[PDB]
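# Structure, please.
(chains A and B)
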Amino acid sequence: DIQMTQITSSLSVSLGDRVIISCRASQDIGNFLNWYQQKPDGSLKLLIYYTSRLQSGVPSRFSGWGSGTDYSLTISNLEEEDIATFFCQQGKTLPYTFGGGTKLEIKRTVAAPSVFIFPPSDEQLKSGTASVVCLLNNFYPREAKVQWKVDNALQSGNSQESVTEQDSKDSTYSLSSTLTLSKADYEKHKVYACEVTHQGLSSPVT
Amino acid sequence: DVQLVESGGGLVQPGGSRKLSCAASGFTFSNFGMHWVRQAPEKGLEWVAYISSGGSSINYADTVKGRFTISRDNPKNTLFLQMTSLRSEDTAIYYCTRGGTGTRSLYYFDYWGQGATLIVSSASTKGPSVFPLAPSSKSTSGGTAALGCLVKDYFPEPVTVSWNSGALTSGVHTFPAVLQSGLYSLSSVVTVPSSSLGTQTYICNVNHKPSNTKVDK
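Numbering: from 1, shown residues only, chains lettered A, B, ... in the order given. See the structure here:
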């Protein structure tokens, strides 16, 4: 229970370049460090162990290097099958601790989100709840900033938002923030606005 | 080939107990220590418990300590984990993984099973309320439209959405379910040209086998 730190949660990568994921122990674990991959379907596989030993059937493209607190995995020529998330753990002292993971995503050009606002309906307001939604469709990169404004007022804490994982063909994401209020709350205000701040234009949209 | 198949996940109320099991195939189980590791999404991967080849030594992570007991039956090639006084935070995907037997006293996991999901929640099985997400005529992007289904308030996961089994503008985007306080909520939106709306009809087909089956628009 050496805290393992993987300082990078995402690496925007492009097929064929060289990817270096790093991991730092809080105490010396002197080479007892192993590396894993968790494919898009949750499956884990062990890549390297004892800092640099390749497990059978792991392509020689993977090399693990390390200095006592400091470790790294390098994928020399990145391939399609490597877009997954990688983890290091120390297998020296109880409890054997794992790091946070570094998820690789495919880099492409800044795609701007087509935004859509959808008001509540029939059945749900009959049920007395108002879910208002904002879909930001097919954009890239993943960082987008959605601010809900109800009658020009900044909503703090009602929104929940879901993101697609990077699309297999095309390399984009999509997001939905939902603003879930009540029928009284909803009928108490007249403008409902979805403000989106993305690197798509230096302008929000609504 | 070396395999590890976990059995026993499910829904369990706080307090409860469950016993997962992991059938080894492809290797002499009797020569490998087995571990149980969990991935509680939101959080990470976490080591839970270890029992050696032939159970004379065992170790537990301090968080499942006292409450879980790992064990194995080598003539039956099976590893077990009995859990007790389950808390909402032991909700995870539980993997059995083999101890490697390479470097001395290095603890690494060389073969992993696919996972057994265990949910600890007081909530009870409920089919969703589905509600339409509506486009406006000659919709929101001039030449292209957006409409969807909000399948809200169900439990447990999963629900499965469909629409338009076919080709073109089968640009369906079903978002990950988000746990609201208690129950999950997801949306499925498809992007179709504005030309479609009113001209022809779109239905989303929701289904959740801890019942409900709702197909609509």
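
# so what are the domain limits for the chain?
Using chain A here. A:1-107, A:108-206 (curated CATH domains).

# hm, I was asking about chain B
Split by curated CATH domains, chain B gives B:1-122, B:123-217.

# and the ones you listed as TSV, adding mean neighbour count?
From N, CA and C alone the C-beta is placed, and that goes for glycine too. Listed next are the domains of chain B as TSV, based on neighbours: other Cβ atoms under 10 Å in any protein chain shown:
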stretch	mean neighbour count
domain B:1-122	18
domain B:123-217	17
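
# now the ones you listed as JSON lines including distance to chain A?
JSON lines is the format used below for those (distance: least, Cβ to the nearest Cβ, whole Å):
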{"stretch": "domain B:1-122", "distance to chain A": "4"}
{"stretch": "domain B:123-217", "distance to chain A": "4"}
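
# Which among those is found nearest to residue A:185?
For those, proximity to residue A:185 was assessed by Cβ to Cβ; domain B:123-217 is nearest, at 15.8 Å.

# Just give me how far the closest one sits from the chain centre.
How far domain B:123-217 lies from its chain's middle: 21 Å, per Cα atoms, centre = their mean, to the nearest Å.

# Doesn't residue A:125 belong to a helix?
Yes: Residue A:125 sits within a helix when classified using DSSP: H, G, I helix; E, B strand; the rest coil.

# Is it correct that residue B:85 is in contact with residue B:65?
No: under the contact definition of Cβ atoms under 8 Å, residue B:85 does not touch residue B:65, with a separation of 11.4 Å.

# thought residue A:6 was touching residue A:97?
No: the criterion here is Cβ under 8 Å, and residue A:6 misses it with residue A:97 at 11.5 Å.

# So those two - more neighbours on which side?
Remark: of residue A:6 and residue A:97, residue A:97 carries more neighbours, 23 against 20, as counted by other Cβ atoms under 10 Å in any protein chain shown.

# tell me which residues form a beta bridge with the closest residue to that one other than its chain neighbours?
Among residues not flanking residue A:97 along the chain, residue A:4 sits closest, at 5.1 Å (Cβ to Cβ, 6 or more residues apart in numbering or on different chains). Applying DSSP bridges to residue A:4 yields these beta-bridge partners: residue A:25.

# how long is stretch A:30-49 end to end?
One end of stretch A:30-49 to the other measures 12 Å (Cα to Cα, to the nearest Å).

# for that stretch, which positions count as buried?
Under the neighbour-count criterion of 16 or more other Cβ atoms under 10 Å in any protein chain shown, stretch A:30-49 has A:31-38, A:44-49 buried.

# give me the subset of the residues you listed touching chain B.
Restricting the buried residues of stretch A:30-49 to those touching chain B (Cβ under 8 Å from any Cβ of the partner chain) yields A:32, A:34, A:36, A:44, A:45, A:46, A:49.

# Quick check, the first one in contact with residue A:88.
No: taking Cβ under 8 Å as the contact criterion, residue A:32 and residue A:88 are not neighbours in contact, 10.8 Å apart.

# follow-up on the earlier one: can you get me a residue count around the residue nearest to residue A:97?
22.

# Same question for the one 5 residues further on.
Each residue near residue A:9 was counted by other Cβ under 10 Å, and the total is 10.
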